[PDB]
Structure formats: structure tokens, C-alpha cells
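Chemist: Sequence first, structure after, both from an experimental entry:
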Amino acid sequence: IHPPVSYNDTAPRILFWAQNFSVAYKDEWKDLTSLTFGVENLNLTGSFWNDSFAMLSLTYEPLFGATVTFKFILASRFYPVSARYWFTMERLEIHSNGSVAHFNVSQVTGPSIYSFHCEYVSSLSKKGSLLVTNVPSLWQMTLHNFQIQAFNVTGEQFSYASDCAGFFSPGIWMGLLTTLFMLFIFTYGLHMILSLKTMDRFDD
Amino acid sequence: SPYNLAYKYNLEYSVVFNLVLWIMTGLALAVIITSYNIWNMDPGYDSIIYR
Amino acid sequence: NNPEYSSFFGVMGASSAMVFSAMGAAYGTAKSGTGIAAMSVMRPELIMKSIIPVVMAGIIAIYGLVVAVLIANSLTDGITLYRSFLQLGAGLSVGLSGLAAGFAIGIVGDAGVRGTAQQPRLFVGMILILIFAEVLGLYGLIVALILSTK
Amino acid sequence: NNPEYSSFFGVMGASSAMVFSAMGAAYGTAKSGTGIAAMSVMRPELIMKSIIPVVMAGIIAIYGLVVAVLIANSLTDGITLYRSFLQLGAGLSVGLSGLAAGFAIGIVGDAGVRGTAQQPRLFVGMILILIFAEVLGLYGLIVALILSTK
Amino acid sequence: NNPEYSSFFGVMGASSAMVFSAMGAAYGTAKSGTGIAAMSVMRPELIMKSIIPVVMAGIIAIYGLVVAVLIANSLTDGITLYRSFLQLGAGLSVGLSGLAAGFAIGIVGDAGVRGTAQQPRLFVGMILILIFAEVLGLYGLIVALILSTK
Amino acid sequence: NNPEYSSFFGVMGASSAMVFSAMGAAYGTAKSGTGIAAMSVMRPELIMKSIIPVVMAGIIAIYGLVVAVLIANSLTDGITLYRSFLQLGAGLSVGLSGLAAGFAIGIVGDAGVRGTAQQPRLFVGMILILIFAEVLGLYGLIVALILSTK
Amino acid sequence: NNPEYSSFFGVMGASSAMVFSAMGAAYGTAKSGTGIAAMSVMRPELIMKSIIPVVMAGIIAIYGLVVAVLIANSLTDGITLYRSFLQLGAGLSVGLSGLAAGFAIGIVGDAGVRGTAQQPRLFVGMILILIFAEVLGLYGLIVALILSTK
Amino acid sequence: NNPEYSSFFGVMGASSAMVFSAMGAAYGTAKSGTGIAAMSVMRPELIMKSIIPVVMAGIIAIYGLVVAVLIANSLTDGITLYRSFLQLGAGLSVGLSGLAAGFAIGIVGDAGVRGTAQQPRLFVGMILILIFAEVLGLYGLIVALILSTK
Amino acid sequence: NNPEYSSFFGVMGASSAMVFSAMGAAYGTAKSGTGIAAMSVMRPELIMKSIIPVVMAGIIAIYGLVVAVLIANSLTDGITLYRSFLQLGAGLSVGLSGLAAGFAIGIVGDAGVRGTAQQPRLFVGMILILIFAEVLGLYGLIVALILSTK
Amino acid sequence: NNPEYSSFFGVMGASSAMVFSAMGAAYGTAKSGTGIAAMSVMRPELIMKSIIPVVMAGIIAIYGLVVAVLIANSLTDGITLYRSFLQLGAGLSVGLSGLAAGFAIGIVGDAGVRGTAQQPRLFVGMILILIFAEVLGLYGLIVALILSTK
Amino acid sequence: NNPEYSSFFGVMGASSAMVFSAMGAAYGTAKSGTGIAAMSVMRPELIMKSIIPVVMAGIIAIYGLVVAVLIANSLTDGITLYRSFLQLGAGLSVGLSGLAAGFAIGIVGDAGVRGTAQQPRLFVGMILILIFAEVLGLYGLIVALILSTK
Amino acid sequence: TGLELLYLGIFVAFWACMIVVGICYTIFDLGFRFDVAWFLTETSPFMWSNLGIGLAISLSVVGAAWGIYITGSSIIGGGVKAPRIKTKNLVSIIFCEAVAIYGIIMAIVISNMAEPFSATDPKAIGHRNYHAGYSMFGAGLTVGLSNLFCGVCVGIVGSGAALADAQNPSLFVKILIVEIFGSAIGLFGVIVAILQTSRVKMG
């Protein structure tokens, strides 16, 4: 099992982990896992942390004819309704030899006492497609078993994890609240139909 | 494991949970309703039932 | 662009319009048919008049058919949730309307047949009260046609 | 790219067509059969005509079978959700319509066959009432064919 | 490649092919069996003719076993969800159509036996009614053979 | 490799193989014992013929035992989730089929025993009906052994 | 390492063994005790012989106890999740099988003692049919002793 | 260190020990008192001897108390989740076995006292039948004493 | 430190003590008051003594009050979660024991009062029966005092 | 500091204090008002004596109102969760205790009024039973006033 | 700003102020208006006097209309989450108190007019009992006006 | 009994599960889940609105259907021995049809307020499109269930009048007063559904 990529500032402040992290340009893929998790050479320079904001910046030397940097951008807000500070990773950035690409991650959030975990943070339609791109882009990313925590860290360990994997998706809620509404109708349909009867006797 | 890595729940877990729960609820009710309609069935042996 | 689930609701619209109108027309035909059968023993000549509450039940599954066919032609892969839920609204609208109208046509039919057999003055009285039920199927149709064309 | 798990709704389509048509055809056959048997103690020569209700309840099971085969001949590994939902809708549309039609043919067939042994002039009417019960399964089919072929 | 949990639906196919068919054959045998027992007192000669309803309920259990074997001999760890859904669909199609057929066999079997006790001419009618109850198992089976081989 | 929260299904298999078959044999025994007890008042000589339905219930619990033991011996720490579901499907497929057979024998045992005391010719009919009831336990064992060893 | 929740299923096994066996023995004793009390009016000499259904319902409560005590002496803080499910299965398997045996002893004890008071020939027959009820608890034990140890 | 919620299952054990045991002793005292009251009109002397059903229903309440207090005196904020699960098991075990013994003592009490009014010999009989019910509460207690003290 | 929801359970505790004891004392007062009303018609002299099974229903609401006051006077914002579950335990433990004792006092009152009208010697027997009901509220109280002060 | 949803519990406290006490007072008035109406035909003089249980059913909704207005005037745009839970528990405590007193006043105020027309001496005792019914509303109020002001 | 979904609870407040008041006034008007119609054939003069229970039920619909209008005129997409909950509290508080009052008015209007037909002196008693019911709508209105304006 | 044990078993099992979930998410400190904010934002405004239209027509038509069979079954039955009934007592039917018509009116009024809006992020949907989705659902339930209850009520009192009008012809014109009070409930459902609906927009 690989160690997390910590960010250290008097104490560990960010923890980042994946079972696999890989990327593509022009749909040609490379591993980053063995260049990343548990690697002393990993260039975090220009990463940053603040009590309400965090930016994990990972730079690589050999990739795609360039030096390449991936920024993970996270914030922690006092969500007034729920009073706990919830966090979200709001966007990812890729910085190249002379250009930038952006990805918006859609669903990565939880209360800041907890890490976030999912089976995929990816742009590929097969892999939950959390990395939305609002315009065409040359890049792709995938984190498998993505796990992050950028607030209230307590040594080398993650805290408990608020998985992406909830019991009901939006599509399921609408599917159920359609079906389990019209099943009230169908049960009434059958309540009357099963209460049909026929005479036992006839006139002279 | 050393770091408190999560229980690794898959994506589509909401889908598998609801498929399995509503299928197993449906098949449990289809069995209980069928089994009730056979258990509390009137056996109707009216030519002999009085004896 | 669209959520992958999108075309579901319109499909459950098309199903509901046909299914709940058949459930309605079925109970309507079952109650009315039981009435005609039990009536005929004493008044066999009255059957061809007394079919009215039966054909007025069968018509409910034509209003369900019209909407379910309209929805089925209106569906496509690329349907937005708006066009899909409109078609679910159409489907429940004619569906439960026909399921309700079919219960009043059934029960009024099953009385109205025996009532005409034992009292021939009630025949138009039944037909009036059945027109006031069978129009409930048309109300669920009119809104369902409105929602599918919106 | 089509989602995983997609084929489930289409499969439940093909199943629902056959299952709920059998449930209808079974109730229709159970009530018609009870009526034929409870009738035929006193007027046994009526059996050969009195079976027609059961034949119409058997035709609902054919409507289930036809749709369930036409759906199954359009399943594939990696079916697109649009066609998989259309197949669920086609399935329920014939399936529960046939279920409803089965109750109607059953209640009509029971009351009408027993009525017919008291009064032979009912039969030419009961057939018409049963045509209005059977046509529900045909409307269920018309919608299900349409949905399963878009 | 193909998921863990993917065999679960295929297993529930093998189970449901059997369980619901055994519930159909149990109803069919129970209800027709009580009919035969009550009839036999008045008519001791009819016992060995009157087993046919029980025999036809037995065939609904066979249709459940046929599919349950054809599902269970077709499970593996690596089963693509498509093949697993097809097996669930097959197992519900025969399982529940066998149930429907069995429910019909029980009701028509009892009524048919009690009618035949009082009037022996019914027996040909009781077989013809009962064919249309047992064939619902066959139609369930056809759809399950089709689905489990898509 | 294999997850925990996984030997659970095979355990629910072994449990359900014993539980729902014990329920099947309990209904079979409770109804047959009621019929035999009430019967013995009028025909005290008949008991050792009419005990057969009780024995045909006792075997359903043993069909549960066969599968339950076969599963419980095949359980292991870290059992593959596939094998675990096959053991769940086996356990239910005997368990609930034995429940179906338990009803089928309990019902025809109470009625068959009562009828046999009113008319001794029924005994051959009753034991023939009980074969066609008890075979539903067998069909659960057949599929359960296939699923246990697949 | 094992999760903290691990001992929950295992202790619910020990509970289920005693709870459902007591519910089985309770129904067994309640219906038997009603039989004995009602029949004592006519045949006071038979109350002592008629205790046996109560005693055998008591033995289901012993089968609960045995498994609940074996689970409770096998259970520990460190218990592996596998053994915790095995204990749940042992608990349900004796528990709900003892509940089924309790239902059988309850119905058979009541009907059997009533039949015996009308006709003292039944008693030996009632003891046989009671063993075919009581043994369901012992099958529930056989499976539970295997499950709790393998 | 231990979860902040860990004592919840321990408290539900203390609660269930008393709740379900008072429900057992309540039904056991309600049915017993009903039988005593309805009996007193015909045999006023027997009311004192016939209290014993009530007195044994009271013992089921005390079997709740002994466990509810033993659990309550065991609780602490720092309670390990395993220890809480033992206490939950102890609670449901004595609580619901007390409920089961209460159901038995209730029915046995009512039928026993009404029978004893008509036949004084029944007294010794029903005392033994009540002992075979009260021992269910004791077996609930034994398991709950074991679980609370492991 | 301690959670947002921490005091919620301790409050549901004070509520549940009062609520379920009031339900118990209401059912007690209702059934006992009905029995007094029906008795009065032919034994008016017994009313001022027959109110005992109402006074005791009032005492169960007092046992709810004494716990609910004691919990409510021992809540605070800062509460340790552990103290909050203990208070819930107190709340259910008296509350539902008061519901049980109220069930017993209601049934025993309604039977005991009418029985005393038929036979004046029953009255001491009824007080003895009622003490073994009222004490169930007391056992609920004893446990609830212990949990609320642990 | 506090959650914006925090008022939900205090709001459902104010509502529940009213709703359940209005259900209690409505049931109390429906039953006792039926009692008065059916009684008054034989005894037209007793109406103004027998209104008392309707007046006491009316007072039950005053207990709910007193708490509901006390809670409502104690809401604010971001209340501390502790006070919001107290307001929920207060509201359920009087609301459901008032519901319980309403059941007891409804049954007693019906039964006691039909008793009083048969025997006017019952009136003195009936008021005491109604005090033991109404005071549950007051014990509701006491616990709700303590909680809603803690 | 407020959260986006904030206005949902307040919309349910309108849609339950009116719906449960419409349920209350409907039952009060249907129960009372059956009472009036069946009564009137025996006493054709009493329709004019006997409308009062119907007017009292119609007032519950006015109370639901008033809160619902007040909510619906206070709703905005900008509504703070606090006020949205106050509007659901108000809506249920009136809506379900209106349901309570309508249930009471229905029962005491029917029993009131049926008694009054036989005995005209009941009419003054009836209006008092009605005011003690319709005021429950007023108590729910008082709290609902308070909650919706805090 | 049979089906009512099934509805009871479904109901009690569901609320028993919701107690256990509502305890377990609370005690385990998982109340960051059960986020009724996700539920009431992820469930699309379009779904709430179309269920609102569909129940506005349908529950009104269910109310008119029970209205028509409850009064119609008695009009016919009493009419056997009094054929005149079929004139006067048709007014109890005309009021039931008016309850259906309050349904079609409001279901069309809600329909002509609902528009597409070309967004899916809750911040881009914005409070307006949610307030319309909810208000059109609530308006739909408010007219739908008020007309359900009105229509069963006029059915019951229409059957009232029709059985009274069998036995004494002078009663019908007087018993109609309770059909006016029954009919007010449908129109109060309409008035609130209008006021709920009045402030909505989508786009």
C-alpha cells in the first residue's frame, strides 16, 4: 500500500491518495502512480494551505515533451444551514509548457472533519465523469479510489471518509418517486379490481 | 491498513443497492403474498368439513 | 447533455396511460358485464340497450391508447427531462382519470342495468349519469394532450 | 457509451409482458373455468360454446408471449438506456393491460356463463361484452409494439 | 473485468424459476387435491380420472425446474451483467408465469372436479379449460428459454 | 482478494435451507395432525395409514437439512462472494420450495385424511396426490444441489 | 483487523436462539394448555397423559437455551466477522426452526388432545405426530451446532 | 478509543429487559385476571387458589427487572461497543422470552382457571403447565445473565 | 465537544416517560371506567370501591410524571451523550412499562369489576390481581430511576 | 453558531402540542357527544349534567394550546438546538398525553353517560373517573412546561 | 441569502393547511349531511334547524383557507428557511386540528340530528357539543396565525 | 382484511426502518448524509411540477368519480320505485362534474406556467426555478386532494338527497344546502392552488 502525498507546514495539512493516478494528452495515456505516491522527489513547490483554502500543486519533469503541473483547488466554507464547515474541491487545473486547461469536479464535498473518497475522479463517461469540461480539451485524468482531505488533518492518517457512493442517486430518487407514487395508484387499481365480485344466485 | 483508507465503495453502489433492495423487496413480497394466499387458503372440502 | 435516465419518465407516462386506462376499462367492463349477466335472466331483450355501460368502459382504454400512442411517437433518445416529465404528467393524467372514470362507469353501469330491468324509465337516467362519468376520461385526455403537445 | 446495468429495464420489460399477461390470463381462466364448471352441472351441452371466455383469456397470454419474444429479440450486451426503457414500457404496457383484461374476461366470463344457463339469449350479448374486455389486451399490445420498435 | 455482485441476479433467477413455480404447483395441487378428496366420497370411480389437475400442476413445477437448471448450469464468477439480468428475467418469467398457471390450475381443477362429480360430461370441458391454464407455464417457459439464451 | 461481509449470504443459505423447510414441515405436520386427530374419532383403525402426510412433511425438513449441512460444511473464512451467493440461492431454493411442498402436503393431507375416513377408496388417491405434493421439495433439493456444487 | 461492529451479528444469534425458541415453546404450551384445560371437563384421567405436548414445547425452549448458551460461551470481543455470521445463522436456524416446531406442537397438541378425549385410541398416534413436530427443533439444532463450529 | 454512541445499544438492553418483560407480565396478568373474574361467579372459593397464574406472570416482570438493573448498574460512558452488544442481547433475550412466557402464562391461566371451575382436578395439571411456561422466562434470564457477565 | 443531537434523546426520554405512561393510564382508566359504568346498572353500592382499578391507572401516569420531571430537571445543553441515552432508557423503561401495567389494569379492571358485580367475594381477589399489574409500572419506575441517576 | 434548520423541531413541537391534543379532544367529544345524543332520547333532563365529559374533552385542547402558544412565542430565527429539542419534546409530551386523556375521556364520557341514564347514582363516580382521565392532560402540561422553559 | 429549496416547506404549509382542513370539513359535511338527509324523511321541518353541524364543518374549511391564503401570500423564492418551517408548522397545526374538529363535528352532528329527530330537546345540547368541537379548528387557527407571524 | 394486512405490513415496516435509519444516522454522527438539501435540489423542478399537474387533474377526477358512483348508485337504486328522481338528483352529479372541472381548470393553469430552463447545476437553476417546481407541486396537491375530498363529500350527501328524495319529493330542494357546503371545499382548493401558483416562473 502506497503512503499518502502529504503537504507539510509545521504539521501535515493536506493528505492526497489514489490506488492509481493516470493522465492523457491527445488520448495517449501515462502512469503517474510510481512517479507520485511515496516518492521523495515529488515536486510540491507552489502548493499552499490556509485555514479556509488549500491548493495541492504536483509538478512532473518527463511528461508529454514538457514540464507539467496539476493543481487541486479546495475550499472550506461555513455552510450556514448545517453549521459544520463543509469543504469542496471546486476545480482542477493543468499547467503545461505555455497553456492551461480546467476541470470542474461536480460532487467532491463533505464536512471538513471528514475525508472524501470515491471509486473514480475522471473525465471519461465510463468512470462517473466527475471532471466536467465546459469546452473541448486535449487532456484527460483519472484517479482510481481517489481519497483527499485538505482540512482538520491529525498526523499521517485520514479521518473518516464521506464516500461519493450514497444509497440514492438523483436519477434513482426521481425513478422511485415516480414509481412509488404510481404504485400507490396501481395498488388502488388492484384494490378495486380484487374487490370485484359476482352473484352466487339468479332470478326465476 | 495504516492510514484509515476508506471502505472503497464503488460508483454505481446506489444503483446496485436499489436494484438489489427493490428486487429483494419485490420477491420477498411476491413470496409472502403468494405464501399467505396458500397458507390462509380455504381448502373448501364442504362435503366432509362438518365431520 | 441530458441525464442518461431522461427518457424513463415519458416511458412510464406511456405505460401509465395504457395500463391505468385498461385497469379502469376492465373494472368498468367487469362490473357492467356482471350487471348485464344477472339482469338478462329476467329481461333478455334488454341486453342490446344495456351494452352502453360496457362500450363506455371500453372507450376509456381508447383514451389511454390515444395518449400512450401520442407519448410513444413523442419519445426519442435525445429527450430533455422537461419533455419527459410532461409525458409522465400526460400519462398519469389520462391514466388515473380513466382508472377513476372506469370505476364510476362500472358501478353506475352495474346499478343502471338492474335498475333499467326492474324500472324501464331509468335507461336515459343511467345514460346521463354515465355521460357525466365518461367525460372524466375526456378531462384526463384533454390535459394529457395539452401536456404532450406543450 | 451506454452505462453498465442498462439491460435490466429491458429484461424486466420482456418478463413483465409475460408474467402479467399470464397473471391476467390465469385469473381470466380461473373465473371463466369456475363459471363453466358450476354452470355445466345443469346444462352440459353449453360447454362447447362456454369455453370461449377461456380462449379469450388464453389470447392475453399470447399477447404477453408475442411482446416478450419481440423484446427479448432486441436485447444485447450494452443496450442503450433509451431502448431498454422503451422495452420496460412495452413490457408493462401489454403486461398490466393484459392483467386488467384478464380480470374483465374473468368476471364477465363467470357471471355471463352462469347467466347463460339460466337464459340462453345472454350468449350473443356476453360475446360482445367479452370483445370489449379482450380488446384491452389488444390495446396493451398496440402500445407495446409501438414502444418496443422506436 | 465483470463485477463482483454480478452473479446475484443470476442466482435469484435460478431461485425464482423454482420457488414461484413450486408455489404455483403447490397451489394447483393443494386446491385441486382438496377438490378430489371431497368429490371422492360421493364418486369413488372418478378418483383416477380426477388426478389430471394434479398432474398439470406437477408440470408447472417441471417448467420451473427446467429453467432453474438452465440458469444454474449457466452461472460463473465472471458473468457479464447482461447474462445475469437475462437469467433473473428468465427466472421471473417462468417462475411467475408458472405461478399464474398454477393459480389457474388450482381454481379450475377444483371447480372442474366438483362439477364432474355431479355431471360426468364436464370432464372433456375440464381438460380443455385446464389446457389453457397449464399452457401459461409453457409461455412463461418459452420466454425464459429465449431470454436465458439472448 | 475476497471482501468480508461476504460469508453472510452462504450462512443465510444454510439457515434458510433449515428455517423455511422447518416452516414447510411444520405446516405439513400441523394441518395433517389436525386432520388425523379429528378423523381418528370416527375411524380409530385408520391412523397408521393416514399418518403418511405427517411423514411426507418430516422429509421436507430433512431436504432442508441436506442442503443446510452441505452449505455449512462448504462455508469458509474468506469464501469467494460468488460461492456465497450460490449457497444463498441453494438455501432459498430448497427452503421456499420445501415451504411450497409443506403447504401442498398439509392441505391435501388434512382433506385427504378426512375424505379417506368418510370413504376408504380415497387412500390410493391421497398417496398419489402426496407424491405430486412432496416432489416440490425434491425439485428444491435438485436445484439446490446443482447451485451448491456449480 | 476485525471491525468494531463484528460481535453484533453473533450476539443477535444468541438472542435469536432463545427468543424464537421461547416464542415457539410459548405457542406450543399455550395451545396445548388450552387443549388440556378444555378436555379435563370430560376426561379428568387424561390430563396427566396429555401433558406431553407441553413437555415437548418445553424441549424447544431447551434447544434455544443450548444454542444461546453455546453462542454466549463462544462469543468474545475479538471474534472474527466470519464466526459472528456463523453464530447469527446458528441462532436463526435453531430459533426459527424451533418457532416452526412450536407451531406444529401447538396445533397438534390442541387437535390431538381434543381428539383423544373424544376417542382414547388417538393417544399413541398423537405421540408419533408430536415426535414429527418436535424433531424440527432438533434439525434446527443439528444445523446450528454445525454452523456455530465450522 | 470507544465510539461516543457505544452506550446506546447497552441502554436499549436495559430498556428491553424491562419493557418486553412488563408486556409479558401484563398479558399474563390481563388474561389471568380475566379468567379469575369470569370464573368467580360460578366458584367463588377458587379465586384465592386461582391467583397463581397472576403470581407467575409477576415472576416474568421480575425476570425483566433483574436483568434491567444488572445491565443498568453495568453501564458507563467508556463502555466498549462489544459490552453494549452483550447487554442488548441480554435485554432482548430476557425481554422477549419474558414476553413469550407471558403469552403462555396468559392463555394457560385463562383456560386453566375456566377449566378448574368445572373440574377441580385440573388445578395440579395447570400448575405444571404454568411451570412449563414460566421456565421460558427463566431460560431468557439464564441467557441474559450469561451474556451480561461474559 | 459533545454532539449537536446529544440532548435530543434525553428529551425524547422525558417525553416517552410521560407519553407512554399517559397512554397506559388512559387505557387503564378507559377500560376500568367502562366496566364501572356497565356494573353500576345493578350494583350502585360497588362504585366507590370499584374505582380502585381507576385510581391505579392514575398512579401509572404519576410514575410517568416522576420520571419525566426527573429527566427534564436533569437536562442541559452540554449533556454528555451517555447521560442522554440513559435518560432515553429511563423514558422508555417507565413509559412502556406503564403502557403494559395500564393494559393489565384496564383488562383486570374491566373483568374484575363486572365479576365483582356478579360475586362480591371477588373484590379482595381483584385487589390482589391489580397489585401484580400496578407493580409493572413500579418496575418500570425502579429501572428508570436507576438509569436516570446512574 | 446554530443550524438554520434548528427551528424545525421547535415548530413540530408547537404543532404537535396542538394536533395531538385536538385529536384527543375531538375523540373525547365524538365519543361523549355520541353518548349524550343517544342517551338524551330516554333522559332529556340529563344533557346539562352529562356535558361535563365534553367540557373536559374541550379542556384537553386547552392543554395543547397553552403549550403550543408557549412554544410558538419561544421560537426565534436561529434557536439553540437544545431549546428546539426541548420544544419538540414538550409539544409531544402534552400533545400525546392530551391524546391519551382524550381516549380516556372519550371511552369514559361515553360509557359513563349511558350508565348514568340507567342509574343516576353513577354520576358522582363518573366525575372522579373523568378526573383520573383529564389529569393526564395536566401531567402532560407539567412535563411540557418544565421542558419548554428548562 | 436563503437556500434554494427553502420555499418547499412553506408550500407544503399551504398545501396542508388546506388539504387537511378540506379532509376535516369534508368528513364533517358528509357525515352530518347524511345525518340530515336520512333524518329529514322522518322530520321534514328539521332541515333548516339541522344545518348547524354542517355550517360548523364548513368553518373548518374557512380556517384552512385563511391560513393557506396567509401562507400563499407570504411565500417567496427568497423566504428564509426559518419562516418556511414556521409556515409548515402553521399549516399542519391548523390543517390537522381542522381534521380533528371535522371528525368530531361529523360524529356529533350525525348522532345529534338522529337523536334530535326523536327528541327535540337534544338540539340545544347538540349545538353546545358542536361548539366544543368547532373551537378545535379555532385553537389550531390561533396557533397557526401565531406561528406563521413569528 | 387480506390487502389491509399487506398495506399495514408495508407501512409499519417502512416506518420501523425510518426509525432505525433516523436513530442510526443520528447516533453514528452521519447527519451530514440524509441531506434534505441534496434531495430538494437534485430531484428536478420539472418532476415536482408535472406530478403537480398530473395529480391536479387526476385526484380531482378521482373525487368526481367517487362523487358520481356514490350518488349515482343510490339515484338508480331509489329510482326503481320513484322514476322522477332522475330529474332533480342529477344536480348532485352536476356538482361532482364541477369538482372534476376545478381539476382541469387548475391543471391547465399550472401547465401554462411551466417552461423549460436549459440548466442542471442548482446554482444555475436558481431559487426561482425551484420555487416554481415546489409551488406547482403544492398547488397541484392542494387542488387535487381538496377536490378528492370535495367530490367524495358531494357524492355522500348527493346519495343522501337521492335516498331522501325517493321517500319524500319535498326534501331535495332543501337538502341541496349541504351540497353547496360540500362544493365550497373544491373551490377553496382552487383558491389556494391559484394563490400558490400566482408567483411562479420558469426559465
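Modeler: Okay, I see it. Numbers count the residues shown, from 1 in each chain, chains lettered A, B, ... in the order given.
Chemist: Do a quick rundown of the helices in chain B.
Modeler: Using DSSP state H, the helices of chain B run over residues B:13-39.
Chemist: for chain A, what are the nearby residues on it?
Modeler: Remark: the part of chain B in contact with chain A comprises B:1-11, B:13-15, B:17-18, using Cβ under 8 Å from any Cβ of the partner chain. In short, each C-beta sits where N, CA and C put it, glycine included.
Chemist: Spatially nearest residue to the residue of chain L most remote from its centre, not counting backbone neighbours?
Modeler: Most distant residue from the mean C-alpha position of chain L: residue L:28, 39.0 Å away (Cα atoms, centre = their mean). Of all residues not flanking residue L:28 in the chain, residue H:5 sits nearest, at 6.1 Å (Cβ to Cβ, 6 or more residues apart in numbering or on different chains).
Chemist: can you give me phi and psi for residue A:76?
Modeler: Main-chain dihedrals, residue A:76, degrees, to the nearest 10: phi -130, psi 120.
Chemist: hey, what's it bridged with?
Modeler: Here residue A:76 sits in beta bridges with residue A:87, going by DSSP bridges.
Chemist: thought it was touching residue A:113?
Modeler: No. Between residue A:76 and residue A:113 there is no contact under Cβ atoms under 8 Å: 10.5 Å.
Chemist: which residue does chain L bring closest to chain B?
Modeler: residue L:6 (6.7 Å; Cβ to the nearest Cβ).
Chemist: what about that residue, how many residues close to it?
Modeler: 14 (other Cβ atoms under 10 Å in any protein chain shown).
Chemist: now do residue L:195
Modeler: A count of neighbours around residue L:195, defined by other Cβ under 10 Å, yields 22.
Chemist: Quick check: it vs residue L:134, distance?
Modeler: Here residue L:195 is placed at a distance of 14 Å from residue L:134 (Cβ to Cβ, to the nearest Å).
Chemist: so, in contact with chain D or not, the lengthiest helix in chain C?
Modeler: Counting by DSSP H, the longest helix found in chain C is helix C:81-118. No. Helix C:81-118 stays clear of chain D (Cβ under 8 Å from any Cβ), getting no nearer than 9.4 Å.
Chemist: just to revisit the earlier point, now do the SS call for the residue nearest to residue L:28.
Modeler: Here residue H:5 is recorded as coil under DSSP: H, G, I helix; E, B strand; the rest coil.
Chemist: Any residues of chain L in contact with chain J? List them.
Modeler: Within chain L, no position is near chain J by Cβ under 8 Å from any Cβ.
Chemist: now do chain A
Modeler: Proximity of chain A to chain J, by Cβ under 8 Å from any Cβ, involves residues A:80-83.
Chemist: List only those of the residues you listed flagged as buried.
Modeler: Neighbour counting by 16 or more other Cβ atoms under 10 Å in any protein chain shown classes A:81-83 among the residues of chain A next to chain J as buried.
Chemist: isn't residue A:127 right up against residue A:143?
Modeler: No. Counting by Cβ under 8 Å, residue A:127 does not reach residue A:143; the two are 9.3 Å apart.
Chemist: need the helices for chain A, in chain order.
Modeler: Remark: helices assigned in chain A by DSSP H are A:170-193.
Chemist: re earlier: pipe the residues of chain A next to chain J into JSON lines and attach distance to residue L:157 per row.
Modeler: What follows is the residues of chain A next to chain J, written out as JSON lines (distance: Cβ to Cβ, whole Å):
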{"residue": "A:80", "distance to residue L:157": "51"}
{"residue": "A:81", "distance to residue L:157": "47"}
{"residue": "A:82", "distance to residue L:157": "50"}
{"residue": "A:83", "distance to residue L:157": "52"}
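Chemist: Next, count neighbours for residue A:51.
Modeler: Residue A:51: 10 surrounding residues under other Cβ under 10 Å.
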